[PDB]
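Report on one structure; see the data block that follows.
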Amino acid sequence: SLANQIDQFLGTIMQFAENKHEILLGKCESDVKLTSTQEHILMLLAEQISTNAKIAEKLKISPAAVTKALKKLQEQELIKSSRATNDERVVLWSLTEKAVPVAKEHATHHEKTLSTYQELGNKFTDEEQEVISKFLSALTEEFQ
Amino acid sequence: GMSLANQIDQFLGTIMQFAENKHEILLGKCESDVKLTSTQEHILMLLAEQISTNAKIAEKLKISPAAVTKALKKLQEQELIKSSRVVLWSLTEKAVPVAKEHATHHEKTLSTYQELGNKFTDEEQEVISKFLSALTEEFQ
Ligand SMILES: [Zn+2]
Ligand SMILES: [Zn+2]
Ligand SMILES: [Zn+2]
Ligand SMILES: [Zn+2]
């Protein structure tokens, strides 16, 4: 039955998701060994220099966790801190040269993940795609 | 071109957020008076269906024999299960309602998916299934 496939499919999503913090397909191809969360922060910092707080929000984790992750990245020479223009208590984090290709690769990993969903969707007709879109909206509601 | 790829992405993200930090996906909160981990209750459910070994549970849950050893130890000190001689494990009467609540929990979850899947016509339902199998292939 459909309910059974839905159930199994979700289970499959989790066996895949242990232990990552996010779903990316294919292999990270970055030469620097870091966690998805670490690389992700680097990617966020490339799109926009940021505070501990803005990051906590984007990633949806404790500031305390962010602080831990940033200190590690700072020690690994992947990020550097600086003060804000007007307010000097505001601490801003940005990429170093070392991190630029790493941010770049992770963004790409995101792009390839999206491309895959996209090519999967495109094996369906325009109208097929619209049924699948309503299924996902419906299913998305149960988990809110 | 279209929203579907971003939509699949957000959706997997939603599953991610909902399933932190649980062993499985159930809808609604657990209704048992005794507060166990989901893995522990599911272990009770499993014994009811069939008395089992450490080995079999590890396979069925895809966790390490060591974790299974830990869980059973917890359930045993709370007198929810009893051993026997390969060591075979089974429920005590005290856990029978706990297994029942957990088996029912799954059942309410399933049904919630059935009613959702039923808002769709027969041939649309086959579209979804086909989409699901294709997406499943991406995570294997
Ligand atoms: Zn990467
Ligand atoms: Zn990422
Ligand atoms: Zn329960
Ligand atoms: Zn269960």
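FYI, side chains are in, hydrogens and waters are out, and symmetry mates aren't considered; it's all heavy atoms of this structure. Throughout, a chain's letter reflects where its sequence line sits, starting with A, and its residues are numbered from 1.
Interface remark: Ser137(A) contributes backbone and side-chain atoms alike to the contact with chain B (heavy atom separation under 4.5 Å). Looking at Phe139(B), the atoms closer than 4.5 Å to chain A (heavy atoms on both sides) sit in the backbone and in the side chain alike. Only the side chain of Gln15(A) comes within contact range of chain B, judged by heavy atoms closer than 4.5 Å. Both the backbone and the side chain of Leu132(B) have a heavy atom closer than 4.5 Å to some heavy atom of chain A. Looking at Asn122(A), there are no atoms closer than 4.5 Å to chain B (heavy atoms on both sides), in backbone or side chain. Using a 4.5 Å cut-off between heavy atoms, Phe18(B) touches chain A through its side chain atoms alone. The part of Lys62(B) that comes within reach of chain A is its side chain, from C-beta onward, which places non-hydrogen atoms under 4.5 angstrom from that chain. Heavy atoms closer than 4.5 Å to chain A are found in the side chain of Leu4(B), but not in its backbone. Residue contact with chain A, scored on non-hydrogen atoms closer than 4.5 Å, involves the backbone of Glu24(B) exclusively. For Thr116(A), the part lying under 4.5 angstrom from a heavy atom of chain B is the side chain only.
With rounding to the nearest 0.5 angstrom, the CG atom of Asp9(B) is 12.0 Å from the CD atom of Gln118(A). In this structure, the separation between CE on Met16(B) and CD1 on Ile13(A) is 6.5 Å, given to the nearest 0.5 Å.
Considering only heavy atoms from C-beta on, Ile8(B) stays 4.5 Å or farther from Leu114(A) through its side chain.
With 3.5 Å as the limit, one finds no donor-acceptor pair spanning the side chains of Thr14(B) and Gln144(A).
The two atoms that bring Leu27(B) and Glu142(A) nearest to each other are CD2-O, 4.0 Å, heavy atoms only.
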Residue pair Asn4(A), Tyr113(B): steps toward the side chain to side chain contact (heavy atoms under 4.5 Å, CB included) verdict:
CA-CA 8 Å; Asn4(A) 268 327; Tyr113(B) 298 153; over 6 Å; no
